[PDB]
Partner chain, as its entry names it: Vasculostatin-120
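First comes one chain, alone, set out as structure tokens in the form deposited without the partner chain.
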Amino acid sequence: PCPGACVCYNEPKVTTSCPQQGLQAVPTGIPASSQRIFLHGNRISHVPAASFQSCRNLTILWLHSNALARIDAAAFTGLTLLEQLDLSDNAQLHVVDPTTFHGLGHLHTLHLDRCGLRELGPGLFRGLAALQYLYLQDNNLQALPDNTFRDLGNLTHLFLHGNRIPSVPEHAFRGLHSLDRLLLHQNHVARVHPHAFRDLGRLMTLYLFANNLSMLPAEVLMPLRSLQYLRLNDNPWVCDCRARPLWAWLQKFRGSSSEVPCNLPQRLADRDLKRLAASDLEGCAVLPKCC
């Protein structure tokens, strides 16, 4: 018995599809045999506890482009086979309770982009051992706490761009041994801890453009054995003695890198640090280390 104006069909997967119907709540009577539930484009403001618990075989659930303001901590309880979860484009969600994703051990992709998220609570991504793709871009994040991604040993793509992250601490990206792509551009990153990328030996793409970096210790990039694509443009680089280690690393990098445009000193403005001679990097500009 297909509920409301929903469309129900069996092939290729048992599906209940109710998009863009002005629904203000999760409809009652969703067939328990459903493998895919599409509830995107509605006006759903709240997801109550155990809203899909009847659906033992659910693998795909879309709730994007709704009006979500609150998700109950037990909203996804009993969804042990869930592989894809889409909560994106709910700009007033602001906050997800840290236990909300517990028991989703088959989850492969999690869409949380444009959810207005203010923070990543302790244990929010705990136990998501199968997760491969995590989308956190275009939110309101102000911090990247240590060990936030510690259990995500299978994650290959992490999207964190378009937030307000001020820095990267040492253990922010611990546990991410499979990470392939890390996008951190369009943030406020003013400093990266020397050993922040220790676990990212398989990383192939790193975007750090449009941030607030004036220098980078060479130790930051040393672990990145597999790196092929690097973006560092649109940062206020100081091209003086402090930039020598980054310069030296860039000389031996066999991958592709963006411009690394000097902001200071004036005579080097918009020249590419990558393309300077060592002699250009003598003295202090207008303190740390060599200065």
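Only residues modelled in both forms are compared. Heads up, when I say rigid core I mean the largest set of C-alphas that superpose within 1.5 Å between the two forms. Residue numbers count along the first chain shown, from 1.
Note that the form deposited with the partner chain bound isn't included here; everything after this is about it.
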Contact with the partner chain in the deposited bound form, heavy atom within 4.5 Å, among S54, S257, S226, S45 goes to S257
Exactly one of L230, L250, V238, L68 comes within 4.5 Å of the partner chain in the deposited bound form through a heavy atom, and that residue is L230
Using heavy atoms and a 4.5 Å cut-off, decide whether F159, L183 and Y207 all contact the partner chain in the deposited bound form.
yes
Of the candidate stretches 257 to 265, 218 to 226, 29 to 37, 240 to 248, the one with residues having heavy atoms within 4.5 Å of the partner chain in the deposited bound form is 257 to 265
key: Distance check, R198 to the partner chain in the deposited bound form, heavy atom within 4.5 Å   = no
In terms of 2 Å or greater CA shifts after rigid core superposition, the runs of three or more consecutive residues between this form and the one not shown are 282 to 284
